[PDB]
């Protein structure tokens, strides 16, 4: 405790991984330790400078991979071809990230599991390495259960998480490509000194801290929710990028609406639905009759579209009926989720949006797509009971318009009304959502579970640095 720790954080150029890790680094910084983000200039510009908070950037290799100069994240990409160009950009930066870490070795490296080469880098420098994937510990425990008890290569439909602390049924089997991509990364992540979890034990579950520790034989650190590090309006509004619309334009509009009368629809920064699916979503939105905030990254840069182009995905006259806001870009998700007018959150079950909704006490209408989301769906609806399910069952490989099955409008409206119409089921769902919101308000506060976990982690990291000084 005599001298602060020097911690490096290497996020992946994706909003779902970049945003939570930087807020976790901000938690270390408010303790008094010198944290350093290693990313690209555009991912660093939005980062609020805290005490002990600094960045080390290398220029994004734009023409080496063949992308426009303003594109330095997966959220700016609209194509699977563009997604791999981000990956090759990470491969090119690896050379300079390794040289910088070797020249100025830190007390501890915290890197995303999509960068598994950090294992050798931390090993040859003999410094403790932490892993981060943005998942829930529940989801990590479930995916490690399938990796030990695999599905037969003819499986289809629902399946049970094998030999699990609770009996839970996922509504679709993972694609073969997901297993062959996740399995190598999880194996290297388990070689680390510990896993950082952007969550808190009251939400994941103690029975899964003890599952991960005793069955899998590894350490996980519940430091979340990290978004709670942002307290001001400007801190909650400036996340990832600048919001496309004036933050005051959202607040003024929402301030006129009733409490729990607006539905927020957003499917993350990696999911783009085809025009036919957006048409069903919009048709279900107007048939529900509720005011809405709909995030449509599929149409960013497509304003003042021709009527022929807008009728590909919107019912005729949808925009003339001004019962909501179409955000064709980046919306202040923390600002909108925290407003009392928002009563439901139609989500893709990405983990950042999940813990953000938990902190805001907004029940969720679940629509998983890929990755950890199908596991996250049942953590929201069955285990914790803070949402309803649309009923989707297509686990896609690519969320860049890879959906082959159409989710009907009646299916969506039925799910929207189950929370917004204020039924008995919806009333007690919101009561279970506020119960977690009150718990979440102090988990990273002094005395909270996530706070004391960060204290124990920093001590053990300080211990290992003291041993390296001996040698």
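Positions refer to the first chain, counted from 1.
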Checklist entry - Between 282-290 and 115-123, which has the higher average C-alpha B-factor in the PDB entry? => result 115-123
Checklist outcome for this item: Higher avg CA temperature factor (63-71 vs 23-31, as deposited) belongs to 63-71
Checklist entry - Per the entry, which of 331, 136, 366, 171 tops the list for Cα B factor? => result 171
Checklist outcome for this item: Listed options 78, 359, 347, 382: highest C-alpha B factor recorded at 78
Checklist entry - Can you tell me which third, lowest, middle or highest, the CA B-factor of residue 446 falls into for its chain? => result highest
Checklist entry - For residue 378, does the deposited CA B-factor place it in the lowest, middle or highest third of the chain? => result middle
Next on the checklist: Where does the C-alpha B-factor of residue 218 rank in its chain, lowest, middle or highest third?
Outcome noted: middle
Checklist entry - Can you tell me which third, lowest, middle or highest, the CA B-factor of residue 408 falls into for its chain? => result lowest
Item to check | Third of chain Cα B-factors occupied by residue 317 | outcome: highest
